[PDB]
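Heads up: the structure comes next, in structure tokens.
There are 2 protein chains.
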Amino acid sequence: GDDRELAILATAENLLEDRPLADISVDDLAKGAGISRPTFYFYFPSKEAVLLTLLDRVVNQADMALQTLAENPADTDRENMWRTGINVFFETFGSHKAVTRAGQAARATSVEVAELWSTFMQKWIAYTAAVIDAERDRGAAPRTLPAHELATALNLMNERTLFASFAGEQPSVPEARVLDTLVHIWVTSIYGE
Amino acid sequence: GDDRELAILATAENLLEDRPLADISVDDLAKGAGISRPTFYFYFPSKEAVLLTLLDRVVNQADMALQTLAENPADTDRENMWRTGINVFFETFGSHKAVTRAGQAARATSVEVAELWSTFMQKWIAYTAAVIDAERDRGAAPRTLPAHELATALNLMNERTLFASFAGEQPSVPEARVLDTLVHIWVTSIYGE
Ligand SMILES: CC1CCN(C(=O)Nc2ccc(C(F)(F)F)cc2)CC1
Ligand SMILES: CC1CCN(C(=O)Nc2ccc(C(F)(F)F)cc2)CC1
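So this is what it looks like as structure tokens:
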């Protein structure tokens, strides 16, 4: 039952490494999960809905790791604090590149996918802003831009830059340089007066 | 002749303010430009090709203004130097939001649109890097990240952040705050040690 479901998801994540959702059929997903097409439809309304669930899992996995970090602060300087935080996104989305890629593309055509991304981006920006405000209240960061506006731009940077790297777009930062690239820009923009 | 062409382009830019290219037909573009559908096809192979030309004009307009700035440096501090530069993109794309929006969406489905964006992004990053290197050679900016990697991330930030603002995405920086937001992050990341 729930195994049929995980099989469908695993099959879909697999096929998305080789081709776009447009080039994967419900028959393709049924076949791969070892069920019939009507049986597939019992579990999921559409292949689109399969993507949404995979994206939902990746996004929630990043979110939960971030919550875990927030509750268990690493004992380091402020540079490594931010690095650790950004790394949650680097590793989580980096471990799920096909889903990341197909999820980002589906924003154009799926109101549910766009709202899912938007909901979590808003949550992550609000967390980023709270940390910057904490740092300013401590007197560690100067009061420059509105914290929420700064957080917005830094989070949008991370989205576009990480996803460009992961897809090997031209242009992009090499994947092996992207973490340090983002941490430098976070730290200088957050602490620079 | 060439007036028929400009009419087709003007009609298309107009209709893109109200709806996506998917919801505009060749008949829609012919009608609006005051020609028949076969006459349209003499000027353009497809509505897709109409978008590509509009994008090509916007992109080249930004590029030419940037070249003009590069040849005629404003007499100011380094903050305003960068502000002026970013402003070329803010104003040029900001003046053509429907084309910006539909052009960005067509990257997913048009190899020509994707290569056009990629070509100019590469050119603008290379220019950004040359300026950062100039500043480092002058001893005004410290030698931190590789200049080209830093430029890549800053340019990808600007793309995602400006386009989010212009489309009124959730989340986004308000359009009236986006310029100062980007300049602060450019200046701190470029000059901060
Ligand atoms: C999928 C996209 C791309 C990756 N994103 C991030 O990297 N944002 C982010 C948010 C918070 C922190 C913090 F505060 F923990 F350091 C670090 C990074 C945004 C979502
Ligand atoms: C359409 C997208 C979004 C906007 N973009 C920029 O803002 N990039 C940019 C490049 C160079 C300079 C400089 F060096 F002149 F300051 C300032 C800004 C990238 C292209």
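Respectively, the protein sequence lines represent chains A and A'. A prime marks a further copy of an entry chain.
Per PDB author numbering, the first sequence runs over residues 22 to 194, 195C, 196 to 214.
Per PDB author numbering, the second sequence runs over residues 22 to 194, 195C, 196 to 214.
Cβ coordinates follow ideal geometry from the N, Cα and C atoms, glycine included.
Cβ separation of residue i and residue j, assumed to be a contact under 8 Å, to the nearest whole Å
i                 : j                 : result
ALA51 (chain A')  : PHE61 (chain A')  : 4 Å
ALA83 (chain A')  : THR113 (chain A') : 4 Å
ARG181 (chain A') : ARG78 (chain A)   : The pair is not a contact, with the Cβ atoms about 24 Å apart (cut-off 8 Å).
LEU175 (chain A') : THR149 (chain A') : 7 Å
Contact check, residue i vs residue j, beta carbons under 8 Å
i                 : j                 : result
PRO192 (chain A') : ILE45 (chain A)   : no
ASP48 (chain A')  : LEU36 (chain A')  : no
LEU75 (chain A)   : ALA129 (chain A)  : no
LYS68 (chain A)   : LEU42 (chain A)   : yes
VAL208 (chain A)  : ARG58 (chain A)   : no
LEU87 (chain A)   : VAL109 (chain A)  : yes
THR105 (chain A') : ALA95 (chain A')  : yes
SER210 (chain A') : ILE206 (chain A)  : yes
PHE111 (chain A') : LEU166 (chain A') : no
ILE29 (chain A)   : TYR64 (chain A)   : yes
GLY213 (chain A') : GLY213 (chain A)  : yes
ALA119 (chain A') : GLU38 (chain A')  : yes
Residue i burial status per 10 Å Cβ neighbour count (16 or more: buried)
i                      : result
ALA127 (chain A)       : buried
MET142 (chain A)       : buried
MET85 (chain A)        : exposed
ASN93 (chain A')       : exposed
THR121 (chain A')      : buried
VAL80 (chain A')       : buried
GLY124 (chain A')      : buried
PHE187 (chain A')      : buried
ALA162 (chain A)       : buried
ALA31 (chain A)        : exposed
residue 298 (chain A') : Any property of residue 298 (chain A') remains undetermined from this structure, which presents chain A' solely from 22 to 214.
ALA185 (chain A')      : buried
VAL132 (chain A)       : exposed
Query - Length-filtered (4 minimum) alpha helix (DSSP H) runs lying within the region 66-137 of chain A' - result: Taking only runs of at least 4 residues, the alpha helix (DSSP H) segments lying wholly in the region 66-137 of chain A' are 68-92, 99-115 and 118-127.
Query raised in the report: Three or more beta-carbon pairs under 8 Å between the region 161-180 of chain A' and the region 196-213 of chain A, yes or no?
Result: Taking 8 Å as the limit for Cβ pairs, the verdict is that the region 196-213 of chain A does touch the region 161-180 of chain A'.
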